[PDB]
Amino acid sequence: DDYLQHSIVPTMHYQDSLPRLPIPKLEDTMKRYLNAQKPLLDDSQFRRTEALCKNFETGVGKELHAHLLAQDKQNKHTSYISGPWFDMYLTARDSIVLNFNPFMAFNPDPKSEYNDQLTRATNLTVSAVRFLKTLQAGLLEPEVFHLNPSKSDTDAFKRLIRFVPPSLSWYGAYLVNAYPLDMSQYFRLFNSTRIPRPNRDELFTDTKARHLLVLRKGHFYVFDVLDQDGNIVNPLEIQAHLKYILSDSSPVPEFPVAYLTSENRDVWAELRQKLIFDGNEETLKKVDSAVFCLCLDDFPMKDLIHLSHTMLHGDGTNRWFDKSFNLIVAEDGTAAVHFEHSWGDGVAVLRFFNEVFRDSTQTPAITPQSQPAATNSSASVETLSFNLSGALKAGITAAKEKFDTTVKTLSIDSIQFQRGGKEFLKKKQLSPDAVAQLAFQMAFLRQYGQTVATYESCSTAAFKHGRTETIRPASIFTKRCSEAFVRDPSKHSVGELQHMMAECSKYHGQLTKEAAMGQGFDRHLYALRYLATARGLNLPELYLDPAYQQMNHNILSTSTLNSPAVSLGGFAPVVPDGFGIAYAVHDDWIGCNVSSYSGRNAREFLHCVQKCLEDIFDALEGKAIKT
């Protein structure tokens with residue numbers, strides 16, 4: 001059939017009974033905030049922040065917290081954090097390009113010839129539309145985190161849980177140590193876009209739409225991928241339509257409209273309104289409502305640096321940055337998902353990506369020898385036409401200049417540390433994630449001689465309308481261990497270094513477990529701030545502390561994925577003097593893809609990460625570290 005999964009448990013079976021997202025005790029949040037500040041602040045600064053924390057906890061913060069809890073109890077259908085979190089990103093006026101939108105790139109199809117561009121674009125597109133149908137049918141398996149897959153991720157369990165009413169279903173999974181996740185964001189994968197508006201942007205969906213949007217050379221094309229009965233269009237007709245688009249000989253437009261999606265959101269909100277005034281609403285609606293955006297690039301990937309730039313931003317002409325996601329396929333079949341971050345936390349995107357990689361490579365719709373259907377693509381494929389005023393043309397020109405100037409400041413590079421990975425580290429009783437994070441702390445100390453604000457995300461999707469929480473990897477323990485390796489390597493025995501690493505790992509594990517339970521401090525403190533502002537109050541003194549601003553100016557911004565579908569991922573720094581560190585610890589190696597703007601040096605950072613990983617592995621092997 002046209003489905004890529006056949007779940008007997010309805011996709012949304014657990015949604016009604018997911019547990020509510022906890023709100024920490026204010027005393028715990030203040031202690032955790034201070035614990036994270038300890039490595040970052042000098043003694044004098046820390047004493048000042050400590051004093052503000054004491055005043056907050058006894059005064060205005062106590063009152064905000066009381067009100068936050070009361071509000072939560074009146075809004076039990078949701079979480080305390082989801083609204084405030086959406087609001088932050090939808091209100092943000094900065095360009096979504098670099099600041100927010102990341103990418104993940106697919107591994108190639110393991111069969112060489114299936115990486116032909118037309119072939120792969122067809123197969124990925126068909127798999128994506130199969131995913132859409134499977135999700136909409138309730139045939140996608142529920143998202144569930146298992147502690148023991150052997151007992152809980154079984155046909156036996158699934159045959160039983162399907163009979164348990166959704167009001168009690170979560171409890172059935174809980175009984176077998178499995179944790180269903182929130183899936184309320186998943187629908188915005190398709191037929192969805194972000195619309196620029198004054199004050200706060202809109203998330204738009206039109207589930208009735210049946211067409212794909214394709215960008216090539218900055219031109220916009222639409223054609224149906226679902227027929228009037230809801231069935232997938234013949235893959236050989238889809239192939240014909242993509243071949244038609246690939247065969248088009250029009251050069252890049254004088255004023256490529258896609259540039260506008262990279263602008264400041266107020267600038268783009270105004271220009272979109274002008275497009276509407278100039279008669280383009282119907283055309284914009286076709287763009288906005290398409291199942292997703294497929295981007296066909298006409299060049300091959302030169303290397304991983306070029307790949308990263310291409311998938312993270314491109315040249316500004318051939319991505320519709322506002323779309324829920326852009327599926328990009330280059331001339332050598334290299335493919336990736338670039339996605340808009342405001343509509344969710346990316347778990348939906350990773351699920352999509354994983355299922356699409358599996359389906360497209362294991363049961364491809366077409367082969368490299370498939371013959372396109374003899375179809376009237378000139379009728380079935382509409383080339384969209386925008387009516388551009390002088391103001392719009394000038395707007396596109398200004399958007400292009402801004403884009404080109406910004407991209408010029410961005411550097412990206414990677415390493416592949418070959419000495420070992422998860423297997424070695426687990427044998428040494430360490431958390432691989434903790435070791436990677438330690439290496440980044442150590443590298444930054446080596447390079448810049450400082451300990452800085454560091455961000456790692458953790459999912460809180462085990463809870464109703466759960467989002468993410470911040471794990472703060474820069475700890476008293478990583479600071480201590482980094483100082484030992486970098487500044488006083490001769491002062492410590494290998495056993496002493498090993499104990500320090502074990503401590504780093506334990507503490508990182510503790511923070512990880514806590515964050516997954518909603519017991520970080522970042523979201524709680526943000527919610528209290530948001531509440532004060534929403535109620536029309538002046539910002540409490542806690543938040544005017546330079547230390548609070550520093551905690552949230554994330555110089556080391558990190559992110560990881562663990563998936564056999566993912567070749568690599570990437571994102572730009574979140575601050576001008578930051579790094580954007582995409583990493584993955586594989587069984588036998590460690591990968592790092594790091595971005596920087598002019599104010600930092602990614603190449604030097606990566607040389608430092610390599611060296612730090614060498615020293616960590618040496619120390620774990622009992623070797624004296626190399627000076």
# chains A, B, ... in the order shown; residues from 1 in each chain; ligands from 1
>>> select_by_dssp(residues="stretch 371-561 of chain A", states="strand (DSSP E or B)", output="PyMOL selection string")
chain A and resi 382-383+411-417+454-459+468-471+556-560
>>> residues_around(residues="residue A:296", least_positions_apart="6", cutoff="7 Å", atoms="only C-alpha atoms", output="list in words")
residues 215, 216, 328, 329 and 330 of chain A
>>> write_last_selection(atoms="C-alpha atoms", output="CSV table (one decimal), in the first residue's frame")
chain,number,residue,atom,x,y,z
A,215,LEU,CA,12.3,25.3,-6.2
A,216,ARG,CA,14.9,25.2,-8.9
A,328,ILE,CA,17.1,19.5,-0.6
A,329,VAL,CA,18.6,17.3,-3.3
A,330,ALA,CA,21.8,18.2,-5.0
>>> closest_residue(among="A:171, A:46, A:3, A:325", to="residue A:138", atoms="only C-alpha atoms")
A:3
>>> atom_distance(atom1="atom CA of residue A:365", atom2="atom CA of residue A:124")
8.8 Å
>>> residues_around(residues="residue A:407", least_positions_apart="3", cutoff="12 Å", atoms="only C-alpha atoms", output="list in words")
residues 97, 98, 99, 262, 309, 310, 312, 313, 314, 315, 316, 400, 401, 402, 403, 404, 410, 411, 412, 572, 595, 596, 597 and 598 of chain A
>>> closest_residue(among="A:148, A:192, A:326, A:308", to="residue A:291", atoms="only C-alpha atoms")
A:192
>>> residues_around(residues="residue A:96", least_positions_apart="3", cutoff="10 Å", atoms="only C-alpha atoms", output="PyMOL selection string")
chain A and resi 89+92-93+99-102+261-265+321-322+339-342
>>> write_last_selection(atoms="C-alpha atoms", output="mmCIF file, in the first residue's frame")
data_model
loop_
_atom_site.group_PDB
_atom_site.id
_atom_site.type_symbol
_atom_site.label_atom_id
_atom_site.label_comp_id
_atom_site.auth_asym_id
_atom_site.auth_seq_id
_atom_site.Cartn_x
_atom_site.Cartn_y
_atom_site.Cartn_z
ATOM 1 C CA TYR A 89 10.594 32.277 18.787
ATOM 2 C CA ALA A 92 11.849 37.113 17.556
ATOM 3 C CA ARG A 93 12.447 39.562 14.677
ATOM 4 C CA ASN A 99 20.009 32.354 13.851
ATOM 5 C CA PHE A 100 17.491 29.515 14.108
ATOM 6 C CA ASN A 101 17.067 27.106 11.154
ATOM 7 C CA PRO A 102 19.390 24.094 11.270
ATOM 8 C CA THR A 261 12.241 34.664 3.533
ATOM 9 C CA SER A 262 15.755 35.421 4.885
ATOM 10 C CA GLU A 263 14.904 38.978 5.988
ATOM 11 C CA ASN A 264 14.254 40.503 9.337
ATOM 12 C CA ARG A 265 10.711 39.462 10.234
ATOM 13 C CA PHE A 321 13.087 29.359 4.617
ATOM 14 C CA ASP A 322 9.623 29.852 6.212
ATOM 15 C CA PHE A 339 13.841 23.134 8.762
ATOM 16 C CA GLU A 340 12.161 26.100 10.356
ATOM 17 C CA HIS A 341 12.603 25.859 14.100
ATOM 18 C CA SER A 342 9.669 27.781 15.549
#
>>> residues_around(residues="residue A:441", least_positions_apart="4", cutoff="8 Å", atoms="only C-alpha atoms", output="ChimeraX atom specification")
/A:437,445,451,474,478-479,482
>>> write_last_selection(atoms="N, CA, C and O atoms", output="short mmCIF file (atom, residue, chain, number, x, y, z; two decimals), in the first residue's frame")
data_model
loop_
_atom_site.label_atom_id
_atom_site.label_comp_id
_atom_site.auth_asym_id
_atom_site.auth_seq_id
_atom_site.Cartn_x
_atom_site.Cartn_y
_atom_site.Cartn_z
N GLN A 437 31.10 16.59 25.69
CA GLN A 437 30.93 17.91 26.31
C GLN A 437 32.17 18.36 27.07
O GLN A 437 32.57 19.51 26.96
N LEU A 445 38.93 26.16 26.83
CA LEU A 445 39.95 26.61 27.76
C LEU A 445 41.33 26.72 27.08
O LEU A 445 42.05 27.68 27.29
N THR A 451 36.11 29.89 30.77
CA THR A 451 34.96 29.00 30.93
C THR A 451 33.74 29.85 30.60
O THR A 451 33.55 30.92 31.18
N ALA A 474 28.76 23.02 31.37
CA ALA A 474 29.89 23.72 31.98
C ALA A 474 29.66 23.69 33.49
O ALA A 474 28.80 24.39 34.00
N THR A 478 33.68 19.94 35.21
CA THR A 478 34.38 20.08 33.93
C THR A 478 35.43 21.19 33.98
O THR A 478 36.46 21.11 33.32
N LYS A 479 35.17 22.24 34.74
CA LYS A 479 36.15 23.30 34.90
C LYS A 479 37.41 22.78 35.58
O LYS A 479 38.54 23.03 35.14
N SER A 482 39.19 20.31 33.14
CA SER A 482 39.84 21.08 32.06
C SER A 482 41.10 21.79 32.53
O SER A 482 42.12 21.76 31.84
#
>>> closest_residue(among="A:135, A:568, A:169, A:501", to="residue A:311", atoms="only C-alpha atoms")
A:568
>>> residues_around(residues="residue A:125", least_positions_apart="4", cutoff="12 Å", atoms="only C-alpha atoms", output="MDAnalysis selection string")
chainID A and resid 117:121 129:132 211:214 224:226 232:236 238:239 241:242 291:296 326:329 335 337 352:353 356:357 359:360 364:366
>>> atom_distance(atom1="atom CA of residue A:25", atom2="atom CA of residue A:434")
26.3 Å
>>> select_by_dssp(residues="stretch 324-487 of chain A", states="alpha helix (DSSP H)", output="number ranges by chain")
A: 347-362, 377-380, 390-407, 422-427, 432-448, 476-486
>>> residues_around(residues="residue A:140", least_positions_apart="5", cutoff="7 Å", atoms="only C-alpha atoms", output="compact mmCIF listing (two decimals) with N, CA and C atoms, in the first residue's frame")
# COMPACT_ATOMS: atom_id res chain seq x y z
N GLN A 5 4.29 2.46 7.36
CA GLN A 5 4.17 1.77 8.63
C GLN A 5 2.71 1.37 8.81
N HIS A 6 2.48 0.32 9.60
CA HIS A 6 1.15 -0.24 9.78
C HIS A 6 0.89 -0.53 11.26
N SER A 7 0.94 0.51 12.07
CA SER A 7 0.76 0.39 13.52
C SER A 7 -0.64 -0.07 13.90
N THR A 11 -1.57 6.11 16.22
CA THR A 11 -0.44 7.03 16.45
C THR A 11 -0.61 7.86 17.72
N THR A 134 0.67 8.02 6.23
CA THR A 134 0.79 7.13 7.39
C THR A 134 0.45 7.87 8.70
N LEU A 135 0.97 9.09 8.85
CA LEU A 135 0.66 9.92 10.01
C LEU A 135 -0.85 10.23 10.05
>>> closest_atom_pairs(of="stretch 545-596 of chain A", to="stretch 458-461 of chain A", cutoff="12 Å", atoms="only C-alpha atoms", output="Markdown table")
| residue | atom | partner | partner_atom | distance |
| --- | --- | --- | --- | --- |
| A:558 | CA | A:458 | CA | 11.1 |
| A:559 | CA | A:458 | CA | 9.5 |
| A:560 | CA | A:458 | CA | 10.2 |
| A:561 | CA | A:458 | CA | 11.4 |
>>> closest_residue(among="A:116, A:248, A:143, A:42", to="residue A:182", atoms="only C-alpha atoms")
A:143
